[PDB]
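For reference, the chains in residue letters:
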Amino acid sequence: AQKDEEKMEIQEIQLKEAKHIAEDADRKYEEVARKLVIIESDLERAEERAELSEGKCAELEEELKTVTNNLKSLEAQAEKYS
Amino acid sequence: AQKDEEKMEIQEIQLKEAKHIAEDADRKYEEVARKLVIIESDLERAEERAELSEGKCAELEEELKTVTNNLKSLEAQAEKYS
Amino acid sequence: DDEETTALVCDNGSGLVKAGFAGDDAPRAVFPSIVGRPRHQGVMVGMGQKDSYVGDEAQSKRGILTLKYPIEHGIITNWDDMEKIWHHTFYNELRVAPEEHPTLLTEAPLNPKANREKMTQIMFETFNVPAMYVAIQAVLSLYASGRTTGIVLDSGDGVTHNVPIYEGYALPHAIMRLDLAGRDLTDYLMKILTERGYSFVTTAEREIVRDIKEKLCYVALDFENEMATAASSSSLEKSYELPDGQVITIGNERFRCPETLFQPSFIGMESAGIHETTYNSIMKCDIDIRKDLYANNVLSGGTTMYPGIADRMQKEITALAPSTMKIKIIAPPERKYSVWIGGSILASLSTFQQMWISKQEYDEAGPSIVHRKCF
Amino acid sequence: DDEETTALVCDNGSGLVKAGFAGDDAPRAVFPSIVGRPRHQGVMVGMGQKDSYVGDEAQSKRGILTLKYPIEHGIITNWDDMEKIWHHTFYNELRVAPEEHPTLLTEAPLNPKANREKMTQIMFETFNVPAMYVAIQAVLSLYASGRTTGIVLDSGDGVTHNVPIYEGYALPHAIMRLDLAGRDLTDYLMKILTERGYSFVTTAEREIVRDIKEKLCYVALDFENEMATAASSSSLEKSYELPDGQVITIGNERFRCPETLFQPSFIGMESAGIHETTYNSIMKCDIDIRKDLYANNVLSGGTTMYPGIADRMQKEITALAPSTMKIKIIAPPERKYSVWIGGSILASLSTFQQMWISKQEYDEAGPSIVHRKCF
Amino acid sequence: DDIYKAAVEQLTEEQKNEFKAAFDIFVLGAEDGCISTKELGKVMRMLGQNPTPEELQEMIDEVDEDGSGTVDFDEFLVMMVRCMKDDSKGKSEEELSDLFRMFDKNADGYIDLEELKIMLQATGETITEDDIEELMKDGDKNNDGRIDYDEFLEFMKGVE
Amino acid sequence: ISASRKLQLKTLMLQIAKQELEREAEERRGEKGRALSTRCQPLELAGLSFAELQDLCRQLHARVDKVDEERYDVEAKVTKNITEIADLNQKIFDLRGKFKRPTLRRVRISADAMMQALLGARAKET
Amino acid sequence: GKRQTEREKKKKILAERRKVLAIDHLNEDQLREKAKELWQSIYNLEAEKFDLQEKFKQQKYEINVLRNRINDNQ
Ligand SMILES: Nc1ncnc2c1ncn2[C@@H]1O[C@H](COP(=O)(O)OP(=O)(O)O)[C@@H](O)[C@H]1O
Ligand SMILES: Nc1ncnc2c1ncn2[C@@H]1O[C@H](COP(=O)(O)OP(=O)(O)O)[C@@H](O)[C@H]1O
Ligand SMILES: [Ca+2]
Ligand SMILES: [Ca+2]
Ligand SMILES: [Ca+2]
Ligand SMILES: [Mg+2]
Ligand SMILES: [Mg+2]
C-alpha cells in the first residue's frame, strides 16, 4: 500500500505536468496557424502583383521593339532618298 | 491497498494519454513553424521579383517614348524628301 | 444610340471571326473560329461539361480538345460547325438578336457558288435576319484606305487574293487568287522546327506554333545574305518559352517560314510568289492604268503583318517593274482589321442603304438571288 | 435523419478498412483488415474460442494468432477472408443490414478485371445490396481537396498510383502505378532493424514494426547530410518501449526506412522514386496543362504522412522541373481519410444519383456490367 | 438542438443554475462556467469521444462577436447548445431563390436598401433601425447596397 | 445580442415573402383566366343552318391552323430561350464551381447518446 | 436535315393539330361538337401561349440574374 501511494503521487505530478504542456502547445498551435494564414495571404497578393507586372512589361517590350525596327527602316529609306 | 492501486492504474492511463496529446501537439507546432519560415522566404522572393518587373516596365516605357519621337522626326523627313 | 437600326458587320474570315456594329473603328469581338469537341472520357460528375466549346473558350481548354477549323480555304467545309460559330457570335459575343439587324458578310473572290447560296439561306432561315448582303473582301480593304483606285493584296489566313480596281471599276479578268496563306505558313514552320528537335503534332500544338510564328518570324530583305549571316554568327537566335517551360531557340527558321510567300516552291506549290502575282495581275490590266496601280499598291489581311514585308515586296516589284514608274506600297498600321473597317464604312453609307437583299426578295426568287443584281 | 435512404461509403483499402455513412466528415469505423486463425491447441474448455478473429479484435489477441491480410497489392488474393471482412464491417461495426443501403466501393487504377467483377458479384449475391458503384481511389482524393484539376499521388499501404486530372477530364494514358507502398517499407524497416540486434520474425511482430515506423520514422530533407550527421553526433537516437519492456534505440534507421520511397533501389526495385514518377506522369500530359498540374500537385493516402515529406518532394520536383514554373504541393492535414471524405462528397451529390448500378441492370447483363457505361 | 435551444430558452434563467448542476454531475470541479478545450476534452473522454481542438475553435469563432475568445452567460447557453447540429440543408435552395427573385421589385438582379425597408415595414413585426443596420452589415458584405445571388446564399447559410 | 432574434426576424421575412408570393401568384392566375376568357370570341351555337354550320366550321378550322402556326412559332422561341438559358447556367457552373461547393456536417460524432448513457434520464434534450 | 425536319414538322402540325377534317359527312350534333372542339382547341392554344409568355418572362429574369452573377464573379 505504501508503494502504491508513492506511485499515485508521482503519477499525479506527471499528469499535471503533461496537461499543462499540452495546453501550452495547443495555444501555440493556434497562434502559429493564424500567423501562417496571414503570411500566405500576403504571399499570394505579392505573386499576383508580380505576374501582372511581368505581363505588362513583356507587352511593352514587344511594342518598343516593333516601333524601333520601323524607325530603323524609315531612316534607311531616308538615306536612300538623299 | 487494492482500491488505491486501481486508482493508480487509472491515473497512469490518463497520464500516458495526455503524453500522447502533448507529443502530437508538439509535432503540429514544429511543422507549422517550418512552414511559416519557408513562406516568409517565399514572400521575400516574390517581392524582389515584383520590384525587378516594375523597373523593367518603367525602362521599356521610356524607350518606347524615345522611339515614338524618333518616328515622328523620320516621317517628317520622309514627306519632305517626297 | 437609340432609335433607328444599326447594321451588323460580320466578317467570317478563316482563323479569326471579326464582328461589330456598323459605324465604329474596331470590331467589338475578335476570337478564333474553332470548334473543339472533348476527346477524353471524363470522370467528374456534375462538372457541367459541354459537348463543344467554340470561339475563345476553346483556346483555354485546348489541352483536352480537338480543335478543328470549319473554314478550310475561304470555302466552308463543315456547315453545322459554321452555324454554331455564327450562333455564338450573335448571341454571346454581341448579345443582339439577329431578328432586328441587317448583316454584311464577306466572301473571298472566285469562291464556289454553293457556299454563298448556303450562307444566305442559313442567314435567312435559321437566324432570320431582316436583310443580308455579301461583299468581296478586297473592295472593303480598299474602302478603308480611303482610296478609289489601287490593287489590293489581301493575304488572309485562308487564301491570298489580289483584286485590282481602278476609279471604282473592278477588273474581273485580272483577279489572281492563290491558296497560300497563313495556315500553310504555320504548317511549314511546324515542319521545319523538327530540324532542331522540337516536335509539335497535336492539333492543339498548332496553336503554339502559330504563336511562335506571330511573335518571332520576320521577312528578310535579302534571303541569301540572311541565310549566310545566320549560318556564321548567332545574333539572330531568339528564344521563346513554351506554355510549360523548356525554352526553345529559333535560328534561321525565323525568316525561312515567311519566305514561303515569295517562293511557294518551298511547300511544293508551283505558282509564283506574292511578289510576282501582283506584277502579273497588273500586267493583265490595260496599258493606261498601270501607273496608278503601281503607285497605289495596297496591303491588307493578317499575314501581311510580318516585320519587314513592305520593304521586301517593294524591292521585288521595283526589280520587276519598268525603271521609270514609281512603286509605292501602302501598309497602314491597322492592317489586320482593314477589311472590317472598310465593311463598317460601306454599311454606314446612305447610298448603299438600298442594296441590301430584302427578305421578301429572297422569298420570291430563292437563295439564287445573291448572284442576281443584288450581288 | 429519418426517412430517405443513405449510402454506405465503404473503402476496402489494404491495411485499414474505412467505412461510414455518406455525408459525414470522418469514417465511422476504422480498423485493420486482418483475419487471424488461432495457431496453438487450446486447453480451456467452454472458453468460447472462435475460429477466426477479424478486424480490431485480432489486434488484441495477436499474441496467439497468425494474422494474414486478405489484400496483397490492391488486388484481392483470398476471397473468403475478404467476404468475412465485409460481413464484419456491415454487421458489427456499422450494424446496418446491407439490404437497404447503396454501397460505393473503391478500387486502385489498373487492377485486374476479375477482381472488380468478383467484387460486384459478391456485393449483389451474398450481401444483396440495392445498388453498388466502384470508383477510382484517386478521383475521390481529388474531390476532397475541393479542386477540379491537379495530379494526385495516392501512396496507400498496398500500392502507390499517380493519376493526373485536368478540368475533370482524366488522362488515361498518364497513370503511373507503382507497387511500392507502406507494406514494403514495413518489411524493409524490419529488415534493417536486424543491424542492431533486434529480430522481428513472427507475423504478429510485423505490427510492432509498423508501430515503430509510424511513431519514429521521418523523411530526411537531404539524405547524405543526414547520413553524415547521424554517424557523428547522437542527437537522432530516439528510444521506444516494446510491448513488454526492453526499450530499443533507433539510430539512422529513422530516415532510411522511408527513404526507400525516393530510391526504390534499396529494396531491389528498378523503378524511380515517387519524386520522379510524378514528373514523368506530368511530362506525358499535353504541353498546355503542365503548368496547372505543376501548381496543383496533391498528396493523399496514409504513407504520405511522414513528417517532412511535403518539403523533400517539392525540393526534388523543383530540381527536375523547369525553373520558371511554380511547384506547389497540397498536403491537407486530413490526408489519411482524404479518399473516404471524397467518397462521401461524391455519394452525397444529386447529379451522381443516377450512376449507381441498379440490381435489375446486373440481372440483365451479369457481373460484366461494371466495365460498361456504368463504370 | 438550436430549435431545442429556442424551446428551452422560453423558460427561466434558474434553469441555467440547473444546467450548471448537471454539468457538475458530468465533470464536477468546474470553477468559471466557460467551456475551454480542456473541460470539453475531459467530458468527451469521460463519455468516450474526442472532437479536435480545431473544430472547437471554429465553432467558438463562428459565434464570437467580441473577439475575446470567451462567451457570456447567454452566450454560454448559445455555445452549449451549438454542440449539436440539426439545421440541415438550410431550408430549400429553390424556394429561397424564388423568394429572392420576387423580392427584387425592380428586377435589377440586386436587393437595395429601399426594397428591404419596404419589405420590413410590410412584415409588421416589431423591429428597430439598429437591427436593420445589423442585418444590412450581415447581408451586403461588400457595402455596395446590393445583394448578389451568391451573397444571398451566404446570408442564408444554415437558415431554416 | 445573439443570433436568436436575428434568426426569428429572418424566418418572419421568409414567411412574409412566401405569403406575398402566394397572393401574387393567385392574383396572376385569376387575371390570366380573365384575359384568356376575354381573348377568345364566344361561340354562337343557336339558329344556324347546316350550310352555315359547315361554312363556319371551315372558317374556324382555317383559324385553328393559323393559331397552330402562331403557337408553333412561340414554342420555337421558347425552346431557343430554354437552350440559351441552359447554356448560361452551364457557364455559371464553369465560372462558379471549383472550390465553391457546400459540404455536409457529419464530423461531429454522437453526443446525446453518451449524455443519456452517462446521465440516465438527466438529459432531456435528445 | 434539321431544316427539312423543321419544315416537315410545321406541315405535320398543320396536318395533325388539324387532321384530315371532313366536316361534310357529319350530322348536326357531330358538327356542333366538332365546332366546340375547335373552339376549345383555340382556348387551349391561347392558354399555352400565355404559359409560354410567363416562361419567357421568367427566363429573361433568370438570364439577367446569370449575367449579373457572371459579371460579379469575374
Ligand atoms: N502580328 C502578326 N504577325 C504575323 N502573323 C500574323 C500576325 N497576326 C496574325 N497573323 C497571321 O494572320 C492570321 C490571321 O489572319 P486574318 O486577317 O485574321 O485572316 P482572315 O482574313 O480570315 O480574318 C493568323 O492565322 C496568323 O497566322
Ligand atoms: N502517421 C503515420 N505516419 C507514417 N505512416 C503511416 C501513418 N499512418 C499510417 N501510415 C502508414 O500507412 C498505412 C495505412 O495507409 P492507408 O491510407 O490506410 O492505406 P489504404 O489506402 O489501404 O487505406 C499503414 O500501413 C502505415 O504503414
Ligand atoms: Ca465573447
Ligand atoms: Ca432592387
Ligand atoms: Ca453586395
Ligand atoms: Mg480577311
Ligand atoms: Mg487508399
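Residues numbered from 1 in each chain as written, not as in the entry; some residues may be left out. Chains lettered and ligands numbered in written order. Heavy atoms only, no water.

Regarding how it was determined, this PDB entry cites cryo-EM in its header, along with a resolution of 5.5 Å.

Scanning chain E from terminus to terminus reveals 9 helices and 0 strands. N-terminal to C-terminal, the α/β element order of chain E is α-α-α-α-α-α-α-α-α. Computed over its C-alpha atoms, the radius of gyration of chain E comes to 20 Å, more than 25% above the 15 Å expected for a compact globule of 160 residues. In chain E, which comprises 160 residues, the proportion classed as buried is 33%. Looking at chain E alone, contacts between residues at least 24 apart form 46% of all its contacts between residues at least 6 apart. When the accessible surface of chain E is split by element, carbon and sulfur atoms take 52% of a total near 9,800 Å². (Helix = DSSP H or I, 4+ residues; strand = E, 2+ residues; numbered from the N terminus. Rg over C-alpha atoms; globule rule 2.2 N^0.38 Å. Buried < 20%, exposed > 50% of the residue type's maximum accessible area, 1.4 Å probe, protein only. Contact = heavy atoms within 4.5 Å. Areas by Shrake-Rupley, 256 points an atom, 1.4 Å probe, with all protein chains shown as cover.)

Taken together, the contacts link 5 residues of chain D with 5 residues of chain B. In total, about 370 Å² of surface goes out of reach between chain D and chain B, with carbon and sulfur atoms giving 30% of it. Of the residues assigned to the side of chain D that touches chain B, the class counts are 1 nonpolar, 1 polar and 3 charged. (Buried area = accessible area lost by both parts, 1.4 Å probe. Nonpolar A, V, L, I, M, F, W, Y, C, P; charged D, E, K, R; others polar.)

Residues and elements named next belong to chain D. As for its placement among the helices and strands, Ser300 is situated in strand 14 (residues 297–300). The spatial distance from the C-alpha of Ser300 to the C-alpha of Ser235 is 31 Å, given a sequence separation of 65 residues. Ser300 has contacts with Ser141, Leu153, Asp154, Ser155, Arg335, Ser338 and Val339, leaving out every residue within four places of it along the chain.

What follows covers the site of ligand 2. Residue and element names in this part refer to chain D. Not every one of the 15 residues close to ligand 2 is listed here, only the nearest: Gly13, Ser14, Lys18, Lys213 and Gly302. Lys18 has a polar side-chain atom sitting 3.0 Å from an oxygen atom of ligand 2. In the environment of ligand 2, an oxygen atom lies 3.4 Å from a nitrogen or oxygen atom belonging to the backbone of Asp157. Burial of ligand 2 by the surrounding chains reaches 91%, relative to a free accessible area of 570 Å². If you tally residues by element for the shell around ligand 2, the top one is helix 5 (residues 205–216), at 3 residues. Residue assignment places the shell around ligand 2 across two domains, with domain 1 (8–141 + 337–364) and domain 2 (182–260) each supplying three or more. (Near = heavy atom within 4 Å. Polar contact = N/O pair within 3.5 Å; in protein donor to acceptor, adjacent residues only side chain to side chain. Domains from an automatic or database assignment.)

So, on to the coordination of the calcium ion (ligand 5). Geometry reference: four tetrahedral donors at a metal, ideal angle 109.5 degrees. Six octahedral donors, ideal angles 90 or 180 degrees. Residue and element names in this part refer to chain E. Every protein donor of the calcium ion (ligand 5) is listed here as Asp140 (OD), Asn142 (OD1), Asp144 (OD), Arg146 (O), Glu151 (OE) and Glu151 (OE), and their distances to the metal cover 2.2 to 3.1 Å. Seen from the calcium ion (ligand 5), its 6 donor atoms lie at angles of 46 to 157°, and the figure they make is irregular. Binding-site remark: the calcium ion (ligand 5) is held by donors from one chain whose sequence spacing is D-x1-N-x1-D-x1-R-x4-E. Taking the relative accessible area as the measure of exposure, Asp140 reaches 2% and is therefore buried. (Donors = N, O, S within 2.8 Å, 3.2 Å for Na, K, Ca; no water. Tetrahedral: all angles 85-135°; square planar, octahedral: opposite > 155°, others 65-115°.)

Further remarks concern unusual backbone geometry. Residue and element names in this part refer to chain E. Positive phi values are uncommon outside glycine, yet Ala107 reaches one of about 55°. Tracing the backbone shows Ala107 in the loop between helix 6 (93–103) and helix 7 (113–123). Take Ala107: its relative accessible area is 40%, and that puts it in the partly exposed class. Positive phi, normally seen in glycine, also occurs at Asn143, with a value near 60°. Inspection of the secondary structure puts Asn143 in the loop between helix 8 (129–139) and helix 9 (149–155).

All names here are of chain C. As paired strands, strand 3 (residues 35–38) and strand 4 (residues 53–54) are joined by 2 bridges and run antiparallel to one another. Within strand 4, the residue paired with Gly36 across the bridge is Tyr53. Pairing of strand 3 with strand 5 (residues 65–68) involves 4 bridges; the strand directions are antiparallel. Looking across to strand 5, one finds that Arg37 is bridged to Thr66. (Pairing = 2+ DSSP bridges.)

Residue and element names in this part refer to chain C. Neighbouring ligand 1 are 15 residues; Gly13, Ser14, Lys18, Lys213 and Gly302 lie closest to it. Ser14 has a polar backbone atom sitting 2.3 Å from an oxygen atom of ligand 1. For ligand 1, whose free accessible area comes to 570 Å², the fraction covered by protein is 91%. For the shell around ligand 1, the element with the highest residue contribution is helix 5 (residues 205–216), accounting for 3 residues.

On to the side chain of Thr260 of chain D. On the secondary structure map, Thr260 of chain D appears in the loop between helix 7 (253–256) and helix 8 (274–283). Those residues in contact with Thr260 of chain D, other than ones at most four positions away along the chain, are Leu180, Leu185, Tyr188, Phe266 and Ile267 of chain D.

Right, let's talk about the UniProt feature "binding site: Ca(2+) 3" in chain E for a bit. Residues and elements named next belong to chain E. UniProt tags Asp140, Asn142, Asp144, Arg146 and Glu151 as "binding site: Ca(2+) 3". For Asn142, the position within the fold is in the loop between helix 8 and helix 9. Taking relative accessible area as the criterion, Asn142 reaches 43% and is therefore assigned partly exposed. Within the fold, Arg146 resides in the loop between helix 8 and helix 9. Not counting residues within four places of it along the chain, the set of residues in contact with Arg146 comprises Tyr110, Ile111, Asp140 and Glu151. (UniProt positions renumbered as here; feature names shortened; annotations may be inferred.)

Another point: the relation of the copies chain B and chain A. For the pair chain B and chain A, the relating rotation is 153°, the translation along its axis is 0.6 Å, and the fit reaches an RMSD of 2.5 Å. By residue overlap, the copies meet face to face through one surface: 95% of the interface positions of chain B are interface positions in chain A. (Least-squares fit on C-alpha atoms.)

What follows concerns the packing of aromatic side chains. This model, assessed by the stated rule, comprises 22 aromatic pairs over all chains. Plain terms: the ring middles of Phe223 of chain D and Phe255 of chain D are 6.0 Å apart, the flat faces sit at 75° to each other, and that makes the pair edge-to-face. Of this pair, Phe223 of chain D sits in helix 6 (residues 223–230) while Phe255 of chain D sits in helix 7; the two residues are 32 residues apart in sequence, bridging distant segments of the chain. Look at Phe223 of chain D and you get buried, because its relative accessible area is 10%. The class of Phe255 of chain D is buried, set by a relative accessible area of 0%. Between the NZ or CZ atom of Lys118 of chain D and the centre of the ring of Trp79 of chain D, over which it lies, the distance is 5.8 Å. Over the face of the ring belonging to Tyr61 of chain G we find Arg101 of chain E, whose NZ or CZ atom lies 5.2 Å from the ring centre. (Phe/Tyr/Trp six-rings, centres within 6.5 Å; stacked < 30°, edge-to-face > 60°. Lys NZ or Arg CZ within 6 Å of the ring centre and 35° of its normal.)

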